[PDB]
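Participant:
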Ligand SMILES: Cc1cc2c3c(c1C)C(C)(C)CC=[N+]3c1c([nH]c(=O)[nH]c1=O)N2C[C@H](O)[C@H](O)[C@H](O)COP(=O)(O)O
Ligand SMILES: Cc1cc2c3c(c1C)C(C)(C)CC=[N+]3c1c([nH]c(=O)[nH]c1=O)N2C[C@H](O)[C@H](O)[C@H](O)COP(=O)(O)O
Ligand SMILES: Cc1cc2c3c(c1C)C(C)(C)CC=[N+]3c1c([nH]c(=O)[nH]c1=O)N2C[C@H](O)[C@H](O)[C@H](O)COP(=O)(O)O
Ligand SMILES: Cc1cc2c3c(c1C)C(C)(C)CC=[N+]3c1c([nH]c(=O)[nH]c1=O)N2C[C@H](O)[C@H](O)[C@H](O)COP(=O)(O)O
Ligand SMILES: Cc1cc2c3c(c1C)C(C)(C)CC=[N+]3c1c([nH]c(=O)[nH]c1=O)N2C[C@H](O)[C@H](O)[C@H](O)COP(=O)(O)O
Ligand SMILES: Cc1cc2c3c(c1C)C(C)(C)CC=[N+]3c1c([nH]c(=O)[nH]c1=O)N2C[C@H](O)[C@H](O)[C@H](O)COP(=O)(O)O
Ligand SMILES: Cc1cc2c3c(c1C)C(C)(C)CC=[N+]3c1c([nH]c(=O)[nH]c1=O)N2C[C@H](O)[C@H](O)[C@H](O)COP(=O)(O)O
Ligand SMILES: Cc1cc2c3c(c1C)C(C)(C)CC=[N+]3c1c([nH]c(=O)[nH]c1=O)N2C[C@H](O)[C@H](O)[C@H](O)COP(=O)(O)O
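Residue numbers (the authors' numbering), protein chains in the order written: chain R, 1 to 207; chain B, 1 to 207; chain V, 1 to 207; chain P, 1 to 207; chain F, 1 to 207; chain A, 1 to 207; chain Z, 1 to 207; chain W, 1 to 207.
(1) If we require 3 or more residues per run, which beta strand (DSSP E) segments fall completely within the region 100-147 of chain R?
(2) Can you give, in chain order, each stretch of the alpha helix (DSSP H) that sits fully within the region 8-53 of chain B and has at least 4 residues?
(3) What does the shell around ligand 5 hold, if a residue joins when its beta-carbon is under 6 Å from any heavy atom?
(4) Using CA coordinates, which residue listed in 73/W, 12/W, 72/W, 89/W is at the minimum distance from residue 119/W?
(5) Residue 142/A touches chain Z at which residues, Cβ-Cβ below 9 Å?
(6) With contact counted as at least three CB pairs below 8 Å, one residue from each stretch, are the region 34-43 of chain Z and the region 2-21 of chain Z in contact?
(7) Could you tell me whether any Cβ in chain B is nearer than 8 Å to the Cβ of residue 273/V?
(8) Between 78/A, 70/A, 72/A, which has its C-alpha nearest residue 213/A's C-alpha?
(9) CB residue 109/V to CB residue 16/F, shorter than 8 Å?
(10) Considering only C-alpha positions, which residue in the set 154/A, 136/A, 144/A, 156/A is nearest to residue 151/F?
(11) Among 86/F, 50/F, 142/F, which one has its Cα closest to the Cα of residue 34/F?
(12) Could you have a look at residue 97/F and say whether DSSP puts it in helix, strand or coil?
(13) DSSP three-state label for residue 161/B, please.
(14) Just checking: is the beta-carbon of residue 146/W within a distance shorter than 8 Å of some beta-carbon in chain P?
(15) Short check: CB of residue 163/Z to CB of residue 137/Z, under 8 Å?
(16) Under a CB-based cut-off of 8 Å, is residue 3/F close to chain Z?
(17) How would you list, in chain order, the residues of chain F whose beta-carbon sits under 9 Å from the beta-carbon of residue 62/Z?
(18) In chain Z, what lies closer than 7 Å to residue 86/P by C-beta?
(19) With a cut-off of 8 Å, do at least 3 Cβ pairs link the region 89-109 of chain V to the region 94-111 of chain R?
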């Protein structure tokens, strides 16, 4: 397989719950192991803007998502926001790529300043210190200078700042096709196969 | 009327031609005068990703768009990329708000460094020096540190960096509803009435 | 009316509860709509240093303050610290000016770094990104370099840093007159009429 | 004795003459020697906002203040604004702590940039170069970014930026009690005994 | 006595609970008064990596530690994480030196940015603003650039960054001897007598 | 094999000779080729704080260490401090990972500023310019701001700053177990198998 | 006694050997213990510009200087440039103030960047990390921007930059009186009694 | 002639009046035209530390100095501190080199920030803007970070920062020989012949 075997997927409280669910689905279909993390604000967002009835506590959540995605047993592990015994909490853990999608402006700030106030924030802190991949998917508009300075600092340290800014150049016919654009971008960044977004110009030889 | 009477609307070569067309339509419906500017790369984008057959040269383009939008005569003025005699070229012009939507990473850079290589770039330069409103709508992903540093510098000087990052919290049913989200945000930033995106929490009194 | 119709007034855990109460009273007397926010530490401060018995929960608090100020029904809206459905949480809300008075060093930091950990902090973050007025009233002494760097960054972005530093040049006779000095300054900054602090030198024509 | 035997107390032209007079009184009561310096603008402030009739020239001023405070002969030395032969002008002088209270934004600037235009400004310059204590008590509101950058630079070099921002948590009953709060803070910073502001939590053992 | 009479000792959630316990023991043996603070994550660390059964709540914790160390009554005061009435919360408190040992990357960040979210973080903020001693003992590896920038900013402001990096040059025979090395370093920094680590080269006169 | 086939291991004059010896032993056991470099101060440290009688000159040193570690012939190459003909001196050499363990504050400085005064310093300079892995293991306490600024600059350029700060969370029973903690961290950073430090939380599925 | 009991006095290769000799003499007369360090370039300077025939090696040098100054036995300790076992090499040593007089531009640079290439440079590095006094006495003219940036960085960290720039305001009659001016300044900075330079304005009471 | 025909020589209020007088004498002996400027504080310094009885007003001062130096008529022009009609006030003047000797910390600051408060300060401002030579001769000790940052900024812009720091390597026998060292350095910097300080190593061919 190309790309990482294990991905820490954190969802935080920005608009765009559909991006996180769709990415979790694609990762499951590519037979990757997923350590799933979700913030209390992200649970509110998912309730407000989708019809997914996600259980509150980690054990019921893991059952639910395993079903929702057609996953194998043990494929999705769910960890709570203060579970410091979970792999993402420590750099001595086995190597994982991490994606925060969506990434709230609050979580962006926490990762930029090193706040480490919960498992999501600490797991990003660990990714940076161990130089493991870290992809942040913000959804906000306008971006203030506070937002931008946080993104610049993280990008300069090697995090990939991938905003939820879909392109329109693959004939999108629905909301799902825009969601897939961004998910494909994330998958390309991780080095994981995807077939939702073609390789640009791959058949063009000259002109 | 609340908001500016005249808006310079520049389209540049990022994905998202639909955002620029829809904004031009809303501005026409709110009876504003629009100075329309379009880059050569943006004409290619519009050809690639829409079915709008926009004429190449300014006089035919102005006729075309006046028709496309149901505009009054003289309501849309179109200026070419080297027309230094057009109002946006000089700070001695009458006051306009300016929006670059979509805003390519190339145009972002040119405005940040002050390159002024064509009328779009000079008009932004003039907006900044006269402290008139300037809203930039980038569409790119990932954003590199070069992109981010250009956005931060412009935001620190008072430009509004409004990425084409639609939210999902008003029950979007189509691509058009995501386009409208971003257009509504732009209109709110200019202070121009819109009824596509409700005012958040306006009916919530307590809890 | 001159000045904003709606003001988000946040109280946070610095000394100076009287400044926040007096400002809320003046805003009510000028017929403005107030979105009132209060932190858990600020509730402790108000208990420690005043005799106002403010109810704990938002609905009882709103009744209490409506009475305390002689307000009209609906004039004061109170929102809890995690009520992400309230208007100040989103930039899609209708435009409000925001004042944080008093502003703790913790809240100053959170706004400077973009932490957005509760509604007060997120509402400031939204004010900055939408370029709506934001006035911060710190009360601390000494100010360390951490405090000062947070204030400088926010002032450079356009926040008004208005410390609770009353002047003595209008013959103050009581603690209430010093409180009124600072409140008048805040009201002048918002553009809202006040008659507690005269206009300096308004009758002086020459010398 | 704890704290310095000699204090250079400079008064400059910000509101808050009462803070400077009260501090001079407390220092005299603690049997310290005071080198008293006062700017021409501060003399105007004292005339405008108090009823103290301070003589203009140094010899008469020294007599006046010696009386006003109940000081011993020689306890208060007064030096004029161009008296380069006075101890505070040179780093070869005996060690003194310096307090500028109130500290105008002009004097803040002069000390930050090293202007040394009069004895007050040079004495601060000497304090910094000899690493002797320097406490600045500004009274201004709002603080601009110019003010804040001057304060940050001085704080980073080890000056104590102590704004005239009294707290309300010791049951203040009058203007005099707010003045005493700030004076007590200054005295605590110098390490000089005071009994106006109790030691916080000194009797609290647990909870 | 040389060194401070009162030390605020805060334990936070990094590996190295033994360093904090041993320092508390040495401070008790040198007859100092200790204000003991402990974070919720540090309680988890102590449970995971030692056999000390520390009670959860402050009153039982104070009894426990008084016993564990052979302390006098009142010698160890324990304060909870939201006890804003305890001495370390305010700069008006009596002077204490503060040591955070171990110091988590989260607590490092909070002190660097001024977050003040709990008593530990506020007490450090107060130490810096009052220019009282502040010693931070991080335990992490690798240190990222976020960690390092937080440490540099605090060191530039006068905090002592003392990582839990024991030396091997005093013939260490056990884990306890490495723990004692770091504790001795902390005690030397505070100016408090210790006899675990000899004075280097004290008997060497020439060569 | 996972990880690099060749490692340049440099020892410099900080406390912690045991870390460098143990790492050299683990690298030999994993069948890697090691280019061993040692400074004159590090030879003094090893004499002072261990019982290893390391020969002075490179040929005798190579024989000695080959024996000490059970290495194959040619597995350990030793190069002197001015041997500019050795592979690590030039970027045209075959690719190696480099570890400086322990890393003195002097060697840290030299690498940060680019001094290149001996083979160790030049080999690090070459690692950075060719973007090959570079891991620095400092042992010092306190770290001054000079130390920290040197570490930050190198970390920002992609060096891994891994201080000799062992954790206590794998039940350490001896000095050797603390040494192994840090060595395991270094091996994890290089991507080389180790079984001294388990993978955190690897068996934890939920909670 | 006021001031430190032990002073590390380092001489380095700038013009002004007489300043270093005279300071060593005054320190001996004030009964302080001196750890004397001298660079190879400073030995050349002393040969070139004085008639002091200083022995080359430390044991003979210590005898020589003990005689030259009228010191007690053991009062002057001399350490060679690579004697890492001497007290100044380690922060675990007993506390000393350090003066580098004269301070070459090379030694200034080494201390600023943390090079630690010999005992003088390491002893300064240790002074900074332990926050012990460090006074640098450069003699160079012009100062380039490289010199100035090195001095600024060290001054910002708390080193005292005291150039060999004598004043003329105490009626100097000879070269010795100019040398004494600078030596007195150094002694004042250390807090050690001296009677060569009077206290400025000490008898001036008013004007 | 080598070097400039006209030199603006400004004296300001630092110790070292003898340097300025001696330079004026050497410039007269080399037949240069001198525009002489002197501050009010420098007149006080000259009264305090020399026996030169310099007349107060410019016309009498010019007569006096013409005599003191053996100058030709018109060779020394003296201009008062507010004489904006004198050549140094404007960049349209004929080209002159400027030397401020001695240069007070106040004048250093004024030139660094561009204050231009009197003819000396404006003449330096003009030198910098026209890129004419500007040499500043400070006399202060210690130099604070404020001093150093002012010197660094001016040196980075091309001013020569030449402190009054004489060397001892040309067998100085008196105060006059130290004064001549610095004057020779200034003359070398201007490119004007001098024979007080030999050319170093001019007769050394090898070793
Ligand atoms: C609950 C809530 C919070 C929104 C939010 C919404 C809700 C329902 C929406 C969907 C109705 C409107 C859009 N919101 C966004 C948002 N923050 C942000 O960066 N982008 C957003 O798009 N916020 C704020 C965000 O959740 C917070 O500031 C939380 O403190 C973040 O905490 P977290 O990082 O731990 O998830
Ligand atoms: C023509 C072309 C150019 C794209 C582009 C596309 C096409 C059709 C798409 C739609 C197929 C794929 C997306 N593209 C984007 C893009 N630049 C950018 O910032 N965001 C984009 O989304 N570029 C590049 C951009 O047009 C250039 O770098 C031009 O030089 C910009 O010139 P302009 O600012 O004057 O318009
Ligand atoms: C409860 C409490 C907290 C004080 C405080 C007091 C109390 C009663 C006083 C009145 C007795 C003494 C003064 N205090 C101030 C203070 N922080 C600050 O910036 N200025 C203050 O004047 N603090 C600290 C502050 O409340 C905190 O650090 C909280 O974490 C801030 O949380 P908040 O921003 O959410 O309100
Ligand atoms: C005379 C005068 C000047 C005030 C002033 C007042 C008066 C009476 C008051 C009391 C009526 C209103 C408040 N004022 C303040 C003030 N500057 C400042 O930083 N804070 C102030 O509170 N200023 C300005 C200040 O005095 C100047 O800018 C002087 O140039 C400062 O010179 P100084 O530093 O040498 O004293
Ligand atoms: C509970 C827990 C948290 C560890 C931790 C461990 C556990 C048991 C160990 C011992 C098993 C592994 C090492 N850990 C460290 C750590 N943070 C850190 O900076 N260094 C550490 O050595 N963390 C994270 C840290 O506790 C957090 O990010 C908390 O949010 C910090 O909160 P605090 O500052 O309020 O204590
Ligand atoms: C010889 C010697 C030098 C120690 C030292 C010791 C000795 C025996 C010890 C073990 C007794 C005490 C601790 N020391 C350390 C140290 N430098 C440092 O960064 N950390 C240290 O732990 N130093 C200083 C260091 O060796 C120097 O400054 C050398 O110039 C570094 O040269 P190098 O980088 O080429 O090895
Ligand atoms: C030997 C030598 C070196 C002089 C020197 C002289 C000699 C005799 C003089 C006395 C004839 C002329 C003046 N010199 C000075 C000088 N460096 C400097 O900063 N200021 C000086 O005044 N240098 C250079 C300085 O010694 C070096 O650059 C050494 O490398 C410094 O090494 P050190 O810091 O270890 O002493
Ligand atoms: C009058 C006076 C002022 C001294 C001074 C002296 C006197 C007699 C001495 C000779 C007795 C002691 C040394 N002093 C120096 C000094 N400033 C400085 O940078 N270096 C000095 O060496 N000062 C201060 C300096 O003159 C001022 O701060 C003036 O405001 C500077 O104004 P100027 O730049 O316009 O000359």
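C-beta atoms are modelled at their ideal positions from N, C-alpha and C, and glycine is treated no differently.
Facilitator: By the coordinates alone:
(1) 134-138
(2) Within the region 8-53 of chain B, the complete alpha helix (DSSP H) runs of at least 4 residues fall at 17-29, 40-49.
(3) 84/R, 90/R, 116/R, 117/R, 122/R, 12/F, 13/F, 14/F, 15/F, 39/F, 41/F, 42/F, 44/F, 45/F, 48/F, 49/F, 104/F, 105/F, 106/F, 107/F, 139/F, 140/F, 167/A, 169/A
(4) Translated into positions along the eighth chain, residue 119/W becomes position 119. With distances taken between Cα atoms, residue 119/W lies closest to 89/W.
(5) As a position in the sixth chain, residue 142/A is number 142, starting the count at 1. In chain order: 91, 129, 130, 131.
(6) yes
(7) There is no way to answer for residue 273/V, as the model of chain V reaches only from 1 to 207.
(8) Past the boundaries of the shown model lies residue 213/A; chain A is included only from 1 to 207, so the question cannot be answered.
(9) Position 109 of the third chain, counted from the start, is the residue given in the question as residue 109/V. Position 16 of the fifth chain, counted from the start, is the residue given in the question as residue 16/F. In this structure, residue 16/F does not lie closer than 8 Å to residue 109/V by Cβ.
(10) Here residue 151/F corresponds to residue number 151 of the fifth chain, with the count starting at 1. The residue with the shortest Cα to Cα distance from residue 151/F is 144/A.
(11) In the fifth chain, the residue the question calls residue 34/F occupies position 34. Minimum Cα distance to residue 34/F is reached at 86/F.
(12) Sequence index remark: in the fifth chain, residue 97/F carries index 97 (1-based). In this structure, residue 97/F counts as strand in the three-state DSSP scheme.
(13) Here residue 161/B corresponds to residue number 161 of the second chain, with the count starting at 1. Strand, per DSSP.
(14) Sequence index remark: in the eighth chain, residue 146/W carries index 146 (1-based). Chain P, which has a Cβ nearer than 8 Å to the Cβ of residue 146/W, makes this yes.
(15) Working through the seventh chain from its first residue, we reach residue 163/Z at position 163. Working through the seventh chain from its first residue, we reach residue 137/Z at position 137. Yes, the pair counts as a contact, with Cβ atoms nearer than the cut-off.
(16) Mapped onto the fifth chain, residue 3/F falls at position 3. Residue 3/F does not count as touching chain Z.
(17) On the seventh chain, position 62 is the one that residue 62/Z refers to. Result: 205, 206.
(18) As a position in the fourth chain, residue 86/P is number 86, starting the count at 1. In chain order: 201, 204.
(19) no
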